[PDB]
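Residue numbers (PDB author numbering), protein chains in the order written: chain B, 165 to 183; chain A, 17 to 73. Even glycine gets a Cβ: it sits at the ideal position worked out from N, Cα and C. Notes follow once the structure below has been shown.
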Amino acid sequence: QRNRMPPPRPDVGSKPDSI
Amino acid sequence: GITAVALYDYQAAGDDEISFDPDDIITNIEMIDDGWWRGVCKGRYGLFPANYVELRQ
């Protein structure tokens with residue numbers, strides 16, 4: 165097959181240190 | 017002004033963060049945090065997952 169699922173995405177649950 | 021579209025579906029696990037889907041493009045998107053952004057959904061202001069979204073030209 166010439167089709168493969170994309171790699172894992174980076175941590176998105178992270179949150180800024182200061183508003 | 018500024019438009020932004022998401023890659024995949026994500027759930028805003030915060031108090032001031034909103035969720036969006038790939039087929040749901042939002043406007044008025046700015047970058048407040050070096051890792052996070054801000055998204056507006058028809059007036060609904062919130063946070064835009066920089067890891068699950070992208071700023072459109």
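Expressed to the nearest angstrom, what Euclidean distance is found between the alpha-carbon atoms of residue i and residue j?
i: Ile48 (chain A); j: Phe64 (chain A); result: 10 Å
Does the beta carbon of residue i fall short of 7 Å from some heavy atom of the ligand COA?
i: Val69 (chain A); result: The ligand COA is absent from the structure shown, which contains no ligands of any kind.
Identify whether residue i lies in helix, strand or coil by the three-state DSSP scheme.
i: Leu63 (chain A); result: strand
i: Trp52 (chain A); result: coil
i: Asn44 (chain A); result: strand
i: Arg72 (chain A); result: strand
Which word fits residue i, buried or exposed, when buried means at least 16 other C-beta atoms lie within 10 angstroms of its C-beta?
i: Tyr61 (chain A); result: exposed
i: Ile183 (chain B); result: exposed
i: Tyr24 (chain A); result: exposed
i: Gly17 (chain A); result: exposed
On the DSSP letters alone, give me the boundaries of the beta strand (DSSP E) that residue i sits inside.
i: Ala20 (chain A); result: 19-22
Next on the checklist: To be precise: take each residue of the stretch 31-56 of chain A, compare its Cβ to all Cβ atoms of chain B, and keep it if any distance is under 7 Å. Which residues remain?
Outcome noted: Taking 7 Å as the Cβ-Cβ cut-off against chain B, the residues of the stretch 31-56 of chain A that qualify are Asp49, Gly51, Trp52.
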